[PDB]
Amino acid sequence: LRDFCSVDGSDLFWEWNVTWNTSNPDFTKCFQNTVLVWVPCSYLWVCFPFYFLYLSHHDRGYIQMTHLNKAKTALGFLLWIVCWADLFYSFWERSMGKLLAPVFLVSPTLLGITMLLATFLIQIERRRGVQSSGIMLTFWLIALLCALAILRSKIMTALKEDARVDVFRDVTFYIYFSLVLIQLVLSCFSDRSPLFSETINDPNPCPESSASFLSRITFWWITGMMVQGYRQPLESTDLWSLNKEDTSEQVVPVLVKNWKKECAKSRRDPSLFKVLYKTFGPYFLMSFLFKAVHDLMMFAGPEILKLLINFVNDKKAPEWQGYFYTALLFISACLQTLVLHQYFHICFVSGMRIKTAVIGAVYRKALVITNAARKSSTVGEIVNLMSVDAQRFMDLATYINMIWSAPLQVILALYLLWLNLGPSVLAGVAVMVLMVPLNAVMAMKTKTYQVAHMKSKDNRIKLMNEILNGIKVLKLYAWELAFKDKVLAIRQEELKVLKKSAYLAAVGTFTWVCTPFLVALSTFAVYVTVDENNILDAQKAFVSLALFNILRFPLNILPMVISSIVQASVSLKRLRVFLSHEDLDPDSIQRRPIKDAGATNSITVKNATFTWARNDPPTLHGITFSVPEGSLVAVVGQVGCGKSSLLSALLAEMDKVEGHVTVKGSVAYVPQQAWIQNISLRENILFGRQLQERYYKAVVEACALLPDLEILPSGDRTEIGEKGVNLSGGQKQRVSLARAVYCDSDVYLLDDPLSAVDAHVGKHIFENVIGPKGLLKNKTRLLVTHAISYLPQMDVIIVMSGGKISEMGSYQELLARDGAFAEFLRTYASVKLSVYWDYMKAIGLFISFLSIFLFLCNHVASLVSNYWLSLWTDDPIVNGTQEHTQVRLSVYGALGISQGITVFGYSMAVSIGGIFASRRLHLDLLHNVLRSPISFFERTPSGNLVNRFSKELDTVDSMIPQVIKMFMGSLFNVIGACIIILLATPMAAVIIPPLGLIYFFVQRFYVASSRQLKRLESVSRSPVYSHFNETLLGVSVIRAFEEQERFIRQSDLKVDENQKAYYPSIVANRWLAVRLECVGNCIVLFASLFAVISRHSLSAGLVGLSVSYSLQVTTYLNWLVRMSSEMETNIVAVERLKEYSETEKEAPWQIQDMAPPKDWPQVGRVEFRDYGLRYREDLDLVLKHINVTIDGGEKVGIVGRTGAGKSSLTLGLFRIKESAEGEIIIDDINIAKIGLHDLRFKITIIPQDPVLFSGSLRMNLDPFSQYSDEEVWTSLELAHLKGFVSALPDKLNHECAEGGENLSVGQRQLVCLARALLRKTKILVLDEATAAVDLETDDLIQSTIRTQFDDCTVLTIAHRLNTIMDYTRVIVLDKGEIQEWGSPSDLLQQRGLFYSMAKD
Ligand SMILES: *[C@@H]1O[C@H](CO)[C@@H](O)[C@H](O)[C@H]1NC(C)=O
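Residues numbered from 1 in each chain as written, not as in the entry; some residues may be left out. Heavy atoms only, no water. Residues with missing side-chain atoms left out of burial classes, pairs and counts.

**Let's talk about the overall build of the protein**
1) Next: Looking only at helices and strands, one finds 52 helices and 21 strands in the protein.
2) Next: Dimensions of the protein, computed from C-alpha atoms along their principal axes, come out at roughly 140 × 90 × 55 Å. (Helix = DSSP H or I, 4+ residues; strand = E, 2+ residues; numbered from the N terminus.)

Spelled out as structure tokens, the structure:
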């Protein structure tokens, strides 16, 4: 090996005297001229073949011949030349006689070949569309570093006066060096974008496909957006456009193809795992490569620390080895950071692609499912496939690799702790084996308690929705406090479960914070006690600690990853069982264009049997009927003959068990269950088509849409709201028919459309759109309908029976032949820093001080424990042994035990404070809302209230405490590392200014932009799920109008808009990570460097402490900025839950100082002193000096035309809104001065709402639970329902469904009647109750009045004048002024407005 570098093999290859053990280090000549030349060449060669395979299988176009790349190839040639120059000189010497070894001829040969390959790679790169190449930049970096070694070597060996350095090879090498420097300087630039670029036209293209290699691996291309986020906000129009590789159009087809292939090779169910692997695996193995490199380099720290400590001990060492070590430490750290975050990028991008592909596949699949499939599940479970499952497949990609990484890191760490610390490391492995059962049990019971929390919060959410709906009823009856207490009890159960979770979380924090210390104590005890000879130097500790600090994470993350793989396995089963469903047959109903003149009837069927399942009783049996072109046919039959199925069959919903059908032309469908999208009514109608003003106006004036818009606020542009804000049944039917009539298709399959419309508007719709002279006069129109008042105007009427077509023919023959239809007719027709203070005050100032104190204790104890381990490592060896071992181990264990006790203390304290604050903020939100006037409920949307009670409160309950823990922990770890550093090597304060204040103000831009981006992401995730719901609901329409491509495209566009926000957030995380990890690596470098500058003073255990802490700052800083961002996002929940604490609340409820007597409703007098109310200040009063002093016991009604205000009469009676003017006095009492409940109780009411609540009917009969079953049944019987009451399973405890759906309409009516009876106050009311209940209930109330309510004054608002006919008096009014009073009969005799209505 020496005959190669020297003729006689003289100049050695590695003489430690020259390279390591000297104050002036320098590689030998053999080394310079073999290995320092074979490193870069070897690199380029090892990366050439695979790089070429890549540039073959990945092109970006072709790049014009620019300048930069010209100069690059020119320098490559000059390098080839100035490298073969050495070879020509070498042969000039060989031939000329001197005996020269192989090296002096083989080195320049390889160098020249590799420079030529550098030129060839530049040209291949240019022809493959690569602007900035990572392989070339790295090759030039390696070459330049090796060349800098060789160049220092030559410069030294030349400056001396003794040796006459060769002028020739030295000149050639100076040349090679300048050229490689310029080539590296030119590898960091970019070329001119390729000339075949197709996405250049996009105004906002992702800045990544055009970014340097340096900007990429440092994610520097998001600095623009992160600074923009600070200077001014980020809306959805600054979000870049997705890379083409991340769009749904270039992601979903590949997964769909692979899935079809797997299924085809199946027809052993298809394994979605194999497909996800075959699709997203190529891009996901690079994650394995980067993670492997990161794992192997995470262990350079501990080893370079072992070397550095051996240095600080060896005080005969040359001062430059400590610098070599500080440099290697810095460089390993920085490579680890870049590699790690490239891996994280790959994983997050692969999860993003998986989610896009899955949402797309699910959506495209729902539109082909056979009806049986969609029945085999619910709509909620088919939308979860998007909402829960795909999110799991997404969030898993980022951790899955730990399955194999965590064991590798733990194994390397154990092997190193062994190689360093002997067979004692079993003492730590034993604690680790006992952390796995605990972590497993805890991760189990955490889910066990989360399930209970969710099942108990869904109940509260349901009750809260019911209350926010029946706000009015509850506010009238005075039932506020009862529902308050019910919801509070459900809350208490939730809180108990959450406290259990708090104990579990406390134990978890104990583990995460005290794993390294427990492991270290076990190891050190077993080591210093199993043998006296064992000495605890600064190298066995402070190298073992590092391995512990980098062992905790694997241990504590492995159980979470296991549980998440399990959850994802369940999700994958669900998703596969969906994507495997049987699909409809596209070719069962064979169609034909509108011009193919084969058959002259738009429809023909031959004995076709149909069914909704594979083996059930076919609903339709042997049909045959051919509807000629344009002929209007109308199928009729008793309910359940097979009517509603002929349409669903022609539309290809059912399964053609046997037969043959064909439909010629474009179809149109108007099913019985109308389907209306969440867009503008006009947008619905046009159904995505070029508006043609004339035809739109026509179709709208046809189906009687004009009288419909007149009420809806904005007109046809009226956004129908949250899935049909206000539209009503007949309205929805008309809108659907408008859609069908606009589409203007050949065959119109009308499925009992006009059913929900009255006879009059119905006949209009027929005559205008369906009739023989309507809009569809020249369309082949079917009609499966009930109303027999049109069949004459028809063309053919078909009737069936139990799925068999009874008889067909014209109405003429239909009547003549006296056939079945004869029977059918004859039968049927027969943050400003105060949010945080508020959260702290809700937790309680004491518990806050306690949490801070216990944190401080934990961390002062940890720090002093480590300074103790240091002072222990510095114990002198006296007589081959270490003194003070007993004392030191005792104190170390004591400090650690105290640390653990304090970590448990503060975790439990912060969690118990979380419980206190959850309880308090919830109670206050509840009380404030329940006190808000009804105005606050009409104005503010129910969405806001439901959101505060669900999500804002979930944040205050189960997210803030954890974030507070992680934030405080990261903050104090950073502060502690900094204390240890500044104390070991005090001349490091000169790094804090230049390194924290100015590169820890990266968090300005991060926090700022990350907030906007998280918002944009969560504001854009619901659209996908709403679309998918709205598509599952109306899939028959979408499938019958041939509008499937449009909807697939809209799903893709929504998924892409969501990704356009999800992608910059991930990259912002990588931005922050690289920046703050660079800061942490600078901390590592500076601590190590100031420990080297000052050896002679520092103590050789202090250095280990300092560097060991420097090696954790790196992760702590990043987690700290992330948790600051989270605290800024989550704390706003405390400002949300406090919104309604200053909103105008209603008047006081109880007034004891002016308390009303027990018999407050003594006389039932009705004094009206020109009172006046107006819904709002801006509007006009609706009571115009209303005046009457009604005596008690009376029985009078209140009637008025539209805009009369009797409704207002009520609203003001109970004081739902304060008195706008005037007065309303009773029994010498100005109700405006009485206590809200002090009056509401004694004034009965039968609100015009049969609204029940989720409870045992007894609850409705008595929410307060202040009524006895005796009088309960007394009412029920008296209430004319006691019979079916006893008919209930639980006589008085028959708990009903939500809203009282288990009771009939008249049922709930009688229910209100009994409510009033039980109340049995002095005075009562019945607001338009006769207009929503048969005469039975109205008359039963009248009988209760003449017999049970005779004593009760009565002012009643009803439209059925007869409902007040026999009443004592009567009054009306308009424009806010009382119209006429006194008896009703005298009114009629007066021929007044009452006489008018009577004429009506
Ligand atoms: C290292 O050792 C050899 C003798 O073993 C000696 O000749 C050589 O000069 C030493 N290296 C240096 C730089 O002195």
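**As for the state of the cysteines**
1) Next: Residue pairing for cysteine 5: its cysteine sulfur links by disulfide to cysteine 30, the two sulfurs lying 2.0 Å apart. Looking along the S-S bond of the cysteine 5-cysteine 30 disulfide, the torsion reads about 55°, which is the right-handed sense. Taken together, the positions of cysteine 5 in the segment before α1 (16-19) and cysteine 30 in helix α2 (residues 29-32) put the pair 25 residues apart, joining distant regions of the chain. (Disulfide = S-S within 2.5 Å.)

**What to know about the domain arrangement of the protein**
For an interface, size is often stated in terms of accessible area lost upon the parts coming together.
1) Next: Considered domain by domain, the protein is made up of domain 1 (16-192), domain 2 (217-396 + 987-1097), domain 3 (424-548 + 834-985), domain 4 (590-828) and domain 5 (1252-1319).
2) Next: Its C-alpha centre places domain 2 at a distance of 27 Å from the equivalent point of domain 3.
3) Next: Contacts between the two partners involve 14 residues from domain 2 and, on the opposite side, 10 residues from domain 3.
4) Next: The element best represented in the side of domain 2 that touches domain 3 is helix α13 (residues 300-313), accounting for 5 residues.
5) Next: Taken together, the residues of the side of domain 2 that touches domain 3 break down into 12 nonpolar, 1 polar and 1 charged. (Domains from an automatic or database assignment. Contact = heavy atoms within 4.5 Å. Nonpolar A, V, L, I, M, F, W, Y, C, P; charged D, E, K, R; others polar.)

**Focus: the pattern of salt bridges**
1) Next: With a closest N to O distance of 3.9 Å, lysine 457 and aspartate 954 form a salt bridge.
2) Next: Between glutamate 494 and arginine 491 there is a salt bridge, and its shortest N-O distance comes to 3.6 Å. Taken as a pair, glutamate 494 and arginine 491 lie in helix α20 (residues 480-529) at a separation of 3 residues, close to a single helical turn.
3) Next: Overlapping salt bridges, with partners in common, bring together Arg460, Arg491, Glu494 and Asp957 in one network. (Salt bridge = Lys/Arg side-chain N within 4 Å of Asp/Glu carboxyl O.)

**Some details on the sheet that holds strand β17 (residues 1229-1230)**
1) Next: Sheet architecture is open: 4 strands sit in the order β14-β13-β16-β17, paired in antiparallel fashion. The open sheet has two edge strands with one neighbour each: β14 (1185-1190) and β17.
2) Next: Relative to β14, strand β13 (residues 1166-1170) is paired through 4 bridges, and the arrangement is antiparallel. Counterpart to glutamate 1167 in the pairing with β14 is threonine 1189. (Pairing = 2+ DSSP bridges.)

**Considerations on unusual backbone geometry**
1) Next: The residue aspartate 818 is not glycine, and still its phi comes out positive at about 45°.
2) Next: Relative to the assigned elements, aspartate 818 resides in the loop between α28 (811-816) and α29 (820-828).
3) Next: Non-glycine residue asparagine 879 carries a positive phi angle of around 65°.
4) Next: Structurally, the position occupied by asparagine 879 is in the loop between α31 (845-873) and α32 (885-931).

**Topic: the sheet that holds strand β20 (residues 1369-1374)**
Adjacent strands of a sheet form backbone hydrogen bonds with each other and so pair up, either parallel or antiparallel.
1) Next: The sheet built from 5 strands is open, its strands ordered β18-β19-β15-β20-β21 with mixed pairing. Single-partner strands in this sheet number two, and they are β18 (1323-1324) and β21 (1377-1380).
2) Next: Sheet topology note: the β18/strand β19 (residues 1353-1357) ladder contains 2 bridges and is parallel. Of the residues in β19, the one forming a bridge with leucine 1324 is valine 1354.

**Notes on the environment of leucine 44**
1) Next: With respect to the helices, strands and loops of the structure, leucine 44 is situated in helix α3 (residues 35-57).
2) Next: Along the sequence, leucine 44 and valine 7 sit 37 residues apart, while their C-alpha atoms lie 30 Å from each other.
3) Next: If sequence neighbours within four positions are ignored, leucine 44 has contacts with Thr114, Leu117, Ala118, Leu121, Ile135, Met136 and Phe139.

**Looking at the pairing of strand β10 (residues 780-784)**
1) Next: Here strand β5 (residues 633-636) runs beside β10; their pairing, made up of 3 bridges, is parallel. Across the sheet, residue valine 633 finds its bridge partner in β10, namely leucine 782.
2) Next: In the sheet, strand β9 (residues 747-751) pairs with β10 via 5 bridges, with the strands oriented parallel. Paired with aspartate 751 across the two strands is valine 784, which belongs to β10.
3) Next: Note that the unit made of β9, helix α27 (residues 759-770) and β10 has a crossover that is right-handed. (Right-handed = clockwise from strand over helix to strand, strands pointing away.)

**Here we look at the environment of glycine 1376**
1) Next: Structurally, the position occupied by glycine 1376 is in the loop between β20 and β21.
2) Next: Every residue in contact with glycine 1376, bar those within four places of it in the chain, is listed here: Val1182, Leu1183 and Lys1184.

**Digging into the packing of aromatic side chains**
1) Next: With a centroid separation of 6.2 Å and an interplanar angle of 70°, the aromatic rings of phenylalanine 4 and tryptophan 38 are classed as edge-to-face. Residue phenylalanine 4 is found in the segment before α1, and its partner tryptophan 38 is found in helix α3; the two are separated by 34 residues along the sequence.
2) Next: Here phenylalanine 766 and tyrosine 790 contribute two aromatic rings whose centre-to-centre distance is 5.5 Å and whose plane-to-plane angle is 15°, an arrangement assigned as stacked. Separated by 24 residues along the polypeptide, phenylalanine 766 in helix α27 and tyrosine 790 in the loop between β10 and β11 (796-801) bring together distant segments of the chain. (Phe/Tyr/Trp six-rings, centres within 6.5 Å; stacked < 30°, edge-to-face > 60°.)

**Some words on the packing of helix α40 (residues 1044-1093) against helix α41 (residues 1102-1130)**
1) Next: Closest axis-to-axis distance for the α40/α41 pair is 8 Å, and the angle between their directions is 165°. With respect to α41, the axis of α40 lies roughly antiparallel. Considering only the axes of α40 and α41, their crossing is right-handed.
2) Next: Of the residues belonging to the contact of α40 with α41, the class tally is 14 nonpolar, 9 polar and 3 charged. (Axes fitted to C-alpha atoms, helices over the stretch in contact; angles between N-to-C directions. Parallel < 35°, antiparallel > 145°, perpendicular 65-115°, else oblique. Left-handed = near helix turned anticlockwise from the far one by under 90°.)

**Points about the pairing of strand β15 (residues 1195-1198)**
1) Next: Of the pairings in the sheet, the one linking β15 to β19 comprises 4 bridges and is parallel in character. Note that in β19 the partner of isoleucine 1198 across the bridge is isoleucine 1357.
2) Next: The pairing of β15 with β20 spans 3 bridges and is classified as parallel. Note that in β20 the partner of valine 1196 across the bridge is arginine 1369.

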